[PDB]
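Chains as they are written, first to last, in the entry's author numbering: chain M, 1 to 172; chain N, 1 to 172; chain W, 1 to 172; chain X, 1 to 172; chain O, 1 to 172; chain P, 1 to 172.
All residues carry an ideal CB built from backbone N, CA and C; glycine is no exception.
Number of protein chains: 6
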Amino acid sequence: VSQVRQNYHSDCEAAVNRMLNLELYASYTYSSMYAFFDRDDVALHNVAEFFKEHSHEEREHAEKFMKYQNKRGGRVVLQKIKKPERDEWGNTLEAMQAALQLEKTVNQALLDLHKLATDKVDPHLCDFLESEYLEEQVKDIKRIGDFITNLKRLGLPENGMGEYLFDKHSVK
Amino acid sequence: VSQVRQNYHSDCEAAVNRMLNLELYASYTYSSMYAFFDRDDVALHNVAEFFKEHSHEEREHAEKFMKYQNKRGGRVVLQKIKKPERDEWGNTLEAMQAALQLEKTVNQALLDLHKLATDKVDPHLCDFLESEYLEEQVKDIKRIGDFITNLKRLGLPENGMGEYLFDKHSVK
Amino acid sequence: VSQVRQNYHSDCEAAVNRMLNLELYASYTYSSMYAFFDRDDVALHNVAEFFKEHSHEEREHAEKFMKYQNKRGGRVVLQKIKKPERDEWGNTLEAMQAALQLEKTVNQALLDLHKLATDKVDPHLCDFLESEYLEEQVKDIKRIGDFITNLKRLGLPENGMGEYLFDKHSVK
Amino acid sequence: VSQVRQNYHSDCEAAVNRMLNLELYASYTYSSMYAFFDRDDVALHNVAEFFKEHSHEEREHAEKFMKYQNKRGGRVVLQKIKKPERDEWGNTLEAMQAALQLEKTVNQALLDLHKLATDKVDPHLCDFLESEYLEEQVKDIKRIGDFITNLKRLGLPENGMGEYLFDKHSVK
Amino acid sequence: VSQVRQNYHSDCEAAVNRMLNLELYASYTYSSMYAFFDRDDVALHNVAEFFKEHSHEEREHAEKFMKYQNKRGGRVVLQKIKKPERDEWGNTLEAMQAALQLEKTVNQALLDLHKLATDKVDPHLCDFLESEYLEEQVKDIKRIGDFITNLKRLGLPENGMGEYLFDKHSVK
Amino acid sequence: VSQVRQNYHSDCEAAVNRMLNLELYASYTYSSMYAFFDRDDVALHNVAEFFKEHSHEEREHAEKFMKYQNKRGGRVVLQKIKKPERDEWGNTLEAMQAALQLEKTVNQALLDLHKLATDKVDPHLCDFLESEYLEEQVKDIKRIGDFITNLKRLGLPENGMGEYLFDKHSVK
Ligand SMILES: [Cl-]
Ligand SMILES: [Cl-]
Ligand SMILES: [Cl-]
Ligand SMILES: [Cl-]
Ligand SMILES: [Cl-]
Ligand SMILES: [Cl-]
Ligand SMILES: [Cl-]
């Protein structure tokens with residue numbers, strides 16, 4: 001047992017490692033979206049940069065789980081990062097609907113881990129998840145939800161002018 | 001094909017996608033080293049931070065290939081990022097030796113790509129490789145060799161004091 | 001021969017003179033586009049200014065060739081600058097389409113010159129072309145391609161509101 | 001007819017297009033002199049720069065005619081730019097004598113245009129020519145004449161020492 | 001083999017050692033010229049300083065080759081530095097003609113090395129030579145050629161007044 | 001005879017030329033040490049920089065004798081610079097020991113020259129040697145002797161940790 005380990009159940013250590021992988025998968029999916037919107041036949045650079053920023057955010061979240069593992073005396077165990085669901089993301093509305101889906105998947109995993117930490121009576125892990133993940137997760141979901149509503153208002157996917165205006169004004 | 005595409009061979013497009021993935025693989029390997037040296041039973045923080053910074057470098061190299069692909073009108077195609085070779089890296093010397101081997105693997109892949117771009121008569125790709133990758137590769141390989149020489153001079157793996165001193169004096 | 005001349009083939013000297021003339025031809029073509037978009041019955045000032053800047057860019061590229069010729073001990077021989085292919089450029093999308101074609105023509109000529117320099121074993125001329133022309137060319141081609149994608153998304157050529165939006169938001 | 005056009009005769013419109021071309025032809029001749037004085041076997045750098053500056057001045061004059069045409073609702077029509085009269089310019093005195101003749105040729109054409117504008121009762125065109133062209137012409141002719149006087153005083157064309165001193169002291 | 005060595009042919013390693021000796025030889029020749037123009041019976045101090053600065057430049061070039069050798073895992077092997085070809089250099093024109101001959105000799109040796117590096121498929125070596133040597137060589141040759149033309153215009157070697165003026169106006 | 005020459009014996013003139021060469025010989029020897037400690041299988045950067053600095057110092061000493069020769073109306077006569085005694089310098093201790101013997105050799109040559117200048121009754125030469133050479137010689141000899149004592153206290157050649165520590169602490 002690690003000399004620093006105290007009140008840190010094996011189940012939670014395994015769950016932290018799975019959560020880290022899921023954060024990396026999300027980061028990679030966001031990188032794919034960045035690359036798509038940067039294509040010459042797509043050309044929505046502000047949208048591309050939005051997704052690049054979220055890729056970086058999700059990578060930072062995974063790195064925080066690595067540091068957390070070590071702080072508690074757990075051991076980081078890495079797995080392969082699966083390639084994203086799609087190679088092409090259709091348009092701004094499809095990609096944002098996919099980001100909403102992804103965010104909710106990550107959120108549900110964090111809520112699952114929080115419930116496990118509550119059940120194992122690990123208040124440090126609960127506090128970490130509340131402070132560093134749950135809040136930002138709700139904020140991100142709301143932001144993307146707001147975007148979806150505006151994209152639909154702007155006539156997406158049919159309305160090319162509306163897609164241009166979104167890139168210029170909602171993610172400028 | 002893409003309206004921007006000019007003098008960009010399909011073999012080179014494909015090789016850029018493979019190169020991007022190898023850079024991500026190297027980034028992930030370095031992240032594993034960072035997490036190892038941050039363990040409470042290893043605790044070499046400066047060494048940990050050295051590998052963290054190299055994980056950042058390799059990820060930036062991958063992103064530059066993504067951007068490059070789009071510039072030339074190629075299409076980014078992502079694959080799975082394989083987990084690193086080891087979960088545990090032994091000590092600073094073993095880790096640096098592993099790092100040297102990784103850097104020489106990435107370097108050979110970049111030289112292989114440069115030769116393909118040469119055979120295919122693509123000066124833009126050659127120049128990109130020369131400026132953005134080839135010189136940093138040689139620099140990074142020289143630094144790591146220098147580190148290995150010093151670690152051996154310090155009596156690694158056996159000399160714990162030598163290892164402590166390297167971490168305080170050789171890395172940032 | 002000139003006292004400074006070394007490893008500079010007569011074919012490369014002649015090709016540099018042709019390349020200089022092609023750059024002046026390109027500069028003159030962009031000048032015509034500037035004057036078209038500045039007409040009272042066209043009146044897209046930011047579009048006009050975009051072509052004015054590219055006119056000034058192409059003229060600088062020709063000037064760089066003149067200086068290069070003297071540096072290597074070659075002799076600048078000027079020829080007539082042909083008038084542009086059109087007096088009127090239709091609209092922003094037709095003009096960008098023509099600019100893409102022109103940039104690809106200039107790019108192919110630079111690529112042909114690099115191939116000659118390679119074959120004639122002139123690495124100074126190869127390096128000049130890579131560092132001063134090839135990089136800029138690919139960037140300019142990517143930007144124009146992105147513009148055309150967005151112009152099509154905005155409903156050009158028929159959609160005047162789309163063309164107005166482009167002038168206000170994509171160029172500047 | 002253009003919505004903005006008022007008191008702008010077709011003869012004046014046509015003459016502005018011819019004037020535009022002449023200014024470009026002057027600019028190109030000056031470019032040729034710059035390239036000549038930058039030759040390794042000529043090497044009078046300040047003389048070269050003086051001619052480069054005049055090339056720039058004449059191009060700006062052409063551009064101002066383009067803008068003027070549009071302001072009045074005339075239509076820019078571009079023609080081939082003829083290559084300069086010579087490939088090599090002999091020496092500073094011969095180039096300066098050539099420049100004086102070019103400058104008087106452009107001046108006469110501006111004077112003939114002003115006479116046409118007067119005859120056609122176009123005071124706006126008269127005022128434009130007076131403010132933007134006629135004054136600069138007389139100043140340039142005076143400067144070049146002064147230079148020719150000094151080059152002869154210095155024993156050009158035979159006195160190489162005089163030519164060197166001119167390049168160091170009379171041109172900036 | 002050195003642990004850092006990769007894609008670095010022994011022929012190139014040998015050629016790098018020969019190249020740095022040649023740079024040292026050129027440095028020493030320039031130092032001799034410095035010492036000659038500082039003589040009380042020559043007394044052309046700005047000419048002397050020009051040669052001193054070029055001696056320093058060529059010394060730095062050799063040192064860059066030593067650093068390069070180590071960066072690639074090659075081994076610096078030093079040889080004797082031959083004394084310069086002459087003990088006295090006649091006058092400014094003779095010395096600049098000698099400097100041109102020397103610069104073209106160095107340039108040819110660099111071009112030979114680039115060709116060897118191309119043949120051995122070493123793009124790292126190619127890029128180094130292009131960026132750090134070939135560009136500056138061409139600039140140095142042009143500058144010296146320009147000076148020769150000017151010394152000949154000023155009546156060298158016969159014209160003592162001309163030589164005085166060159167020292168006061170073309171150098172320092 | 002030079003118009004400036006006064007109280008300057010031919011024997012002393014020749015001795016200054018011999019002294020110049022030995023300073024160059026010393027500079028080249030320190031350059032060799034610089035390159036050795038910069039090897040990837042040696043990698044003591046601070047020690048390498050120490051020897052680079054002393055290489056610079058001896059070069060400056062050689063230049064100063066060239067200038068002195070000219071000030072007195074003597075004539076600089078250059079001879080070949082012999083390659084250093086060794087291609088490889090063992091370790092910091094061996095290198096410092098070799099540096100001490102080299103410094104002693106240069107110092108004996110300067111004392112011999114001072115003695116000749118004394119016998120030939122040349123106080124200007126005596127004074128030049130005292131102020132510009134003899135004091136820094138004694139300082140440099142004391143510094144290297146101090147280094148050697150410390151390297152021995154540190155347990156060189158065998159104590160690798162001792163060598164690492166000296167590089168981090170005794171040299172700049
Ligand atoms: Cl416990
Ligand atoms: Cl769209
Ligand atoms: Cl009217
Ligand atoms: Cl210039
Ligand atoms: Cl000629
Ligand atoms: Cl190899
Ligand atoms: Cl150059």
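### Query
When every heavy atom of ligand 5 is checked, does at least one fall within less than 7 Å of the C-beta of residue 88(X)?
yes
### Message
Pop quiz: residue 114(N) and residue 129(N) are said to be a contact at Cβ under 8 Å. What is the actual Cβ separation, rounded to whole angstroms?
### Response
5 Å
### Message
Taking 8 Å as the threshold (beta carbon to beta carbon), is residue 72(N) in contact with chain W?
### Response
yes
### Message
In whole angstroms, give me the CA-to-CA distance for residue 4(P) and residue 41(O).
### Response
9 Å
### Message
Please return the same chain residues whose Cβ sits closer than 6 Å to the Cβ of residue 173(X), not counting the five positions on each side in sequence.
### Response
Nothing about residue 173(X) can be reported from this structure: the residues present for chain X run from 1 to 172 only.
### Backbone CA spacing between residue 80(P) and residue 159(X) [nearest angstrom]
44 Å
### Query
Hey, is the stretch 20 to 37 of chain N in contact with the stretch 56 to 64 of chain N, meaning 3+ C-beta pairs nearer than 8 Å?
yes
### Task
Note down, in chain order, each residue of its chain lying with its Cβ closer than 8 Å to the Cβ of residue 1(W), except the 5 sequence neighbours on either side.
73
### Message
On the CB-based measure, 16 or more other CB atoms within 10 Å of its CB, does residue 7(P) come out buried or exposed?
### Response
exposed
### Task
Would you mind telling me which residues of chain P sit closer than 8 Å to residue 150(N), beta carbon to beta carbon, in chain order?
43, 164
### Message
I want to see whether chain X comes within less than 8 Å of residue 124(O), judged by CB atoms only; does it?
### Response
no
### Message
Taking the alpha carbon of residue 65(P) as the reference point, which residue from 19(P), 91(P), 88(P), 31(P) has its own alpha carbon closest?
### Response
19(P)
### Task
Return the CA-CA distance between residue 38(P) and residue 135(M), expressed in angstroms with no decimal places.
52 Å
### Query
Quick one: is residue 54(O) buried, meaning 16 or more other Cβ sit within 10 Å of its Cβ, or exposed?
buried
### Query
Hey, is residue 6(M) close to ligand 1, as in C-beta under 7 Å from one of its heavy atoms?
yes
#### Entry: Given residue 106(N) as reference, the closest of 46(N), 133(N), 49(N), 169(N) once Cα atoms are compared
133(N)
### Message
Closer than 5 Å between the C-beta and any heavy atom of ligand 7: which residues qualify, listed along the chain?
### Response
135(O), 138(O), 139(O)
### Query
Can you tell me whether residue 153(X) is buried or exposed, with buried defined as 16 or more other CB within 10 angstroms of its CB?
exposed
### Task
State buried or exposed for residue 85(X), treating a residue as buried only when at least 16 other CB atoms are found within 10 Å of its CB.
exposed
### Query
Where does residue 138(M) land, buried or exposed, given buried means 16+ other C-beta within 10 angstroms?
exposed
### Message
Closest to residue 50(N) by C-alpha separation, out of 30(N), 163(N), 118(N), would be which residue?
### Response
30(N)
### Query
Going by beta carbon distance, what residues of the same chain come within less than 8 Å of residue 148(W), once the five residues before and after it are set aside?
93, 96, 97, 100
### Task
Closer than 6 Å by C-beta to residue 46(M): which residues in its own chain qualify, once you throw out the five before and the five after it? Chain order, please.
167, 171, 172
#### Entry: Chain-ordered chain M contacts of residue 47(N) [CB-CB under 9 Å]
Neighbours of residue 47(N) on chain M: none; closest Cβ ~14 Å, over 9 Å.
### Message
List, in chain order, every chain X residue whose beta-carbon is nearer than 9 Å to that of residue 160(O).
### Response
Going along chain X, no residue has its Cβ under 9 Å from residue 160(O), so there is no contact; the nearest lies around 11 Å.
### Task
Would you mind telling me which residues of chain W sit closer than 8 Å to residue 40(M), beta carbon to beta carbon, in chain order?
142, 145, 146, 149
### Distance, residue 68(N) Cα to residue 127(O) Cα
20 Å
### Query
ligand 4 heavy atoms versus the CB of residue 67(W): any closer than 7 Å?
yes
### Cβ neighbour criterion (16 or more within 10 Å) applied to residue 35(W)
buried
### Query
According to DSSP, which residues form a beta bridge with residue 81(M)?
81(N)
### Query
In chain order, what residues of the same chain have a beta carbon less than 7 Å from the beta carbon of residue 144(W), not counting five sequence neighbours either side?
96, 99, 100, 103
### Query
Leaving out five residues before and five after residue 11(X) in sequence, what residues of the same chain have Cβ atoms less than 8 Å from its Cβ?
116, 120
### Message
For residue 124(X) and residue 164(W), I'd like the C-alpha separation in whole angstroms.
### Response
31 Å
### Query
If you draw a straight line from the alpha carbon of residue 140(P) to that of residue 110(P), how long is it in whole angstroms?
14 Å
### Task
Give, in chain order, every residue of the stretch 80 to 113 of chain N whose Cβ lies closer than 8 Å to some Cβ of chain O.
100, 104, 107, 108, 111
#### Entry: Endpoints, alpha helix (DSSP H) assigned at residue 69(W)
45 to 72
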